[PDB]
Amino acid sequence: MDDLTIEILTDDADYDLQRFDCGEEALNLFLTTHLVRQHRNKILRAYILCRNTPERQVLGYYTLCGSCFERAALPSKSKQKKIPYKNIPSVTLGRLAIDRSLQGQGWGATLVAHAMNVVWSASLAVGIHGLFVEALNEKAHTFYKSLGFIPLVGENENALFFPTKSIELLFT
Amino acid sequence: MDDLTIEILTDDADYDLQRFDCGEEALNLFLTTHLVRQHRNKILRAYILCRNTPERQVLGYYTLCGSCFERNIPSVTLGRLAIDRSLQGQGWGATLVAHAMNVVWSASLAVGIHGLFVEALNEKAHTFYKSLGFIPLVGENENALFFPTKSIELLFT
Amino acid sequence: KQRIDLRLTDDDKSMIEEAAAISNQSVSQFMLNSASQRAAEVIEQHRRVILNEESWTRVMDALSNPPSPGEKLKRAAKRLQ
Amino acid sequence: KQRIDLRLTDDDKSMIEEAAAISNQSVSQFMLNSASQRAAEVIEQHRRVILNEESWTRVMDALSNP
Amino acid sequence: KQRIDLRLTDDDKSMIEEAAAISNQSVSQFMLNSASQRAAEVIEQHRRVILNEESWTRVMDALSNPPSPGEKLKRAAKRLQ
Amino acid sequence: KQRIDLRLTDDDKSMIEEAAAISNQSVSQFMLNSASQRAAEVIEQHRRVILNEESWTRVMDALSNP
Ligand SMILES: CC(=O)SCCNC(=O)CCNC(=O)[C@H](O)C(C)(C)COP(=O)(O)OP(=O)(O)OC[C@H]1O[C@@H](n2cnc3c(N)ncnc32)[C@H](O)[C@@H]1OP(=O)(O)O
Ligand SMILES: CC(=O)SCCNC(=O)CCNC(=O)[C@H](O)C(C)(C)COP(=O)(O)OP(=O)(O)OC[C@H]1O[C@@H](n2cnc3c(N)ncnc32)[C@H](O)[C@@H]1OP(=O)(O)O
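Residues numbered from 1 in each chain as written, not as in the entry; some residues may be left out. Chains lettered and ligands numbered in written order. Heavy atoms only, no water.

In the PDB header, X-ray crystallography is given as the technique by which the entry was determined, and 3.3020 Å as its resolution.

What follows is the structure, encoded as structure tokens:
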């Protein structure tokens, strides 16, 4: 573990996958088949945290897609005018996971910093208002909230937000 | 003429359709260029007030069609109803509305019918329909009126 | 059976061909289905009486408290008999 | 002016001939307007999908190794 | 341009023929148009995030006056440098 | 049991593969379920329209006479 890197998935699909275990087999079985299929279908952008060696065994990953958000129903919009805004762009961090080997070593927060880094560099190229993340349980929820993310409540509960302005701030 | 009657258009197309004139070029033209075909395409049932002449001189007409009201709930609409200038002022439009109501009523015994909407072009027709019982509607429906089937039934008691 | 000869400008025909191509249909079939669906839709929209708040209220009140037939309509329905 | 012919089924025409009389048009103008309105519909929806794919490509290309 | 071969049960085929005749398309046209439209709307439904009243409120509040990154996030940012 | 030939445009197929990957299905499963549930919708709407015209002919026979 002297030589970890985080690269975009090189589409060739030449990594070492099944020798990975993050502690919960939904993310595991997502990496098993879903991750490469959905990366090469361009539904997500799959970043791999692995070792800088020819063998290239995976120790973590995250997934970044584009997204767009919208309110339920805009009420009482006759104040002055209404120019509709229906495709409000954002980035969504689909799922993130570290191997059980590297748990507890800040590596989830650094993967988050890397994802926010890519989101920032994209914000310079296209319009992005903020970063949504999903949290399937109590622990991912607390993890994400301890990094600046704001919790949404009510049929949006497992979803937290971090505005791109504060991402710009994180890299002062 | 003590010999005039009201009938369903008998699909003869054997009526004197042209010497008719009721005051409005719109209803005249509808009778002469549409009514036979729209009766034959089942979009309306047309009833003619004429006399037992060689060619059944057309002196009045009305049309009935099935409708629904919303915002399916069944009803009928008296779309158009006109009568020649010579017969006007003598309660013949009231008689044709009564006949259309009777047709709607004898339908309401076989089919569920909640009431009868009616189309009124000018304020002339609006006052006229309003005078027979019809409820004046408002807003986008200001040019329509309604009469419940229950009232049509109370009529014939 | 029957046949309809139609005249459209070059640009009308270009738009019809493009839209018919997006549908994976022929130009003829696209025009036919468009006219058929729109005619059935027009026929439905015709026979429907969309009442507003107050007209709805008034028809409901006429169904709840229906009027008594008036003198004029009474004399007419007698003139029938 | 270009010419395009179409074959109906004697019932279809009735429907058209019915609708053409309601919306106050000819059978010719009615069929033409129906097809052109639907053409605008199809074309604008296809442009919507193309634009969504374009924005998707922009944002996803920006999220890849920037 | 391409090709897909769909092996189809017989009940489903009778049903799709019924429906493709209801829309006066072919079985091929019906199947492909259904596939394309449902694909479009499945993708549109995946990509979007509909926020309710309070979720929308907090997202707006985060956008106007954005927070300061915590010390954990800043340490994480300094690590990968 | 049976067979069908379907020809696409590389924009239909990429989109259909993406929407299959989304919903956790095959492209065969996705296209089949698409056409199938759409056929359900279509047969249902045809049936409702038939019922509308049945009630229409009922009330048009009533307004003619018994
Ligand atoms: C689908 C989704 O999007 S949800 C994805 C989440 N996945 C899961 O929940 C599955 C199970 N777990 C995982 O797979 C993931 O590895 C995580 C990412 C959820 C696991 O968390 P970790 O990566 O171990 O957390 P983290 O990166 O913060 O590492 C532990 C760090 O917490 C820090 N920490 C901060 N505050 C405290 C505190 N009060 N006490 C102890 N430690 C603390 C530590 O400093 C430590 O790292 P350091 O000593 O190097 O600084
Ligand atoms: C699109 C549509 O469907 S709108 C259809 C309406 N048609 C038109 O607008 C075209 C022109 N007019 C016509 O063709 C039609 O004949 C009507 C039906 C609109 C014309 O009205 P008519 O039927 O001739 O008159 P009506 O049937 O009301 O008979 C006149 C009666 O009004 C009665 N009346 C009641 N109150 C009054 C009053 N205050 N002052 C004068 N007369 C009165 C009279 O008693 C009189 O005849 P009566 O002695 O038999 O009662």
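Next comes the rest of the description.
Peer 1: Requested: an account of the overall build of chain B, with residues and values cited.
Peer 2: Within chain B, the secondary structure is distributed over five helices and seven strands. Beginning at the N terminus, the succession of helices and strands in chain B can be written as β-α-α-β-β-β-α-β-α-β-β-α. Computed over C-alpha atoms, the radius of gyration of chain B comes to 15 Å, within 12% of the 15 Å expected from 2.2 N^0.38 for 157 residues, which places it in the range of a compact globule. Projected onto its principal axes, the C-alpha coordinates of chain B cover approximately 45 × 35 × 30 Å. Scored against the burial criterion, the 157 residues of chain B give a buried share of 52%. Here chain B displays about 7000 Å² of accessible surface, and carbon together with sulfur accounts for 49% of that area. Here chain B holds 13 positive side-chain charges and 18 negative ones, and the gap between their average locations is 3 Å. (Helix = DSSP H or I, 4+ residues; strand = E, 2+ residues; numbered from the N terminus. Rg over C-alpha atoms; globule rule 2.2 N^0.38 Å. Buried < 20%, exposed > 50% of the residue type's maximum accessible area, 1.4 Å probe, protein only. Areas by Shrake-Rupley, 256 points an atom, 1.4 Å probe, with all protein chains shown as cover. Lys, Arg positive; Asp, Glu negative; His and termini not counted. Charge placed at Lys NZ, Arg CZ, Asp CG, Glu CD.)

Peer 1: Summarise a positive patch on the surface; cite the residues concerned and give the values.
Peer 2: On the surface, A:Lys77, A:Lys79, A:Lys82, A:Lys86 and D:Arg48 cluster together to form a positively charged patch. Relative to the helices and strands, A:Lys86 resides in the loop between β3 (58-71) and β4 (88-98). (Patch = residues over 30% accessible without salt bridge, like charges linked within 9 Å, V, L, I, M, F, W, Y side chains within 5 Å. Salt bridge = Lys/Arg side-chain N within 4 Å of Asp/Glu carboxyl O.)

Peer 1: Would you mind going over the pairing of strand β7 (residues 160-163) of chain A in detail, with residue names and values included?
Peer 2: All names here are of chain A. The two faces of β7 match: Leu160 and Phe162 on one face and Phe161 and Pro163 on the other face are all buried. Pairing geometry for strand β5 (residues 130-133) and β7, over four bridges, is antiparallel. Each bridged residue has a counterpart across the sheet, and for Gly130 the counterpart in β7 is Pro163. Where strand β6 (residues 150-151) and β7 come together, two bridges link them in antiparallel fashion. Pairing of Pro151 across the sheet is with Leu160, part of β7. (Pairing = 2+ DSSP bridges.)

Peer 1: Run through the arrangement of the chains, naming residues and quoting values.
Peer 2: No other pair of the twelve pairs of chains in contact has as many contacts as chains E and F. Kept free of each other, chain A and chain C leave a smallest C-alpha distance of 20 Å between them. With no contact formed, the shortest span from any C-alpha in chain B to any C-alpha in chain E equals 22 Å. (Contact = heavy atoms within 4.5 Å.)

Peer 1: Any details on unusual backbone geometry? Residues and values, ideally.
Peer 2: If you check the backbone angles, A:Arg56 has positive phi at about 60 degrees while not being a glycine. With respect to the helices and strands, the residue A:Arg56 is situated in the loop between β2 (45-51) and β3. On the accessibility criterion, A:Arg56 (15% relative accessible area) is buried. One non-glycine residue with positive phi stands out, namely B:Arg71, at about 50 degrees. Locating B:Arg71 in the fold gives a position in the loop between β3 (60-70) and β4 (74-83). The exposure class of B:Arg71 is exposed, given its relative accessible area of 75%.

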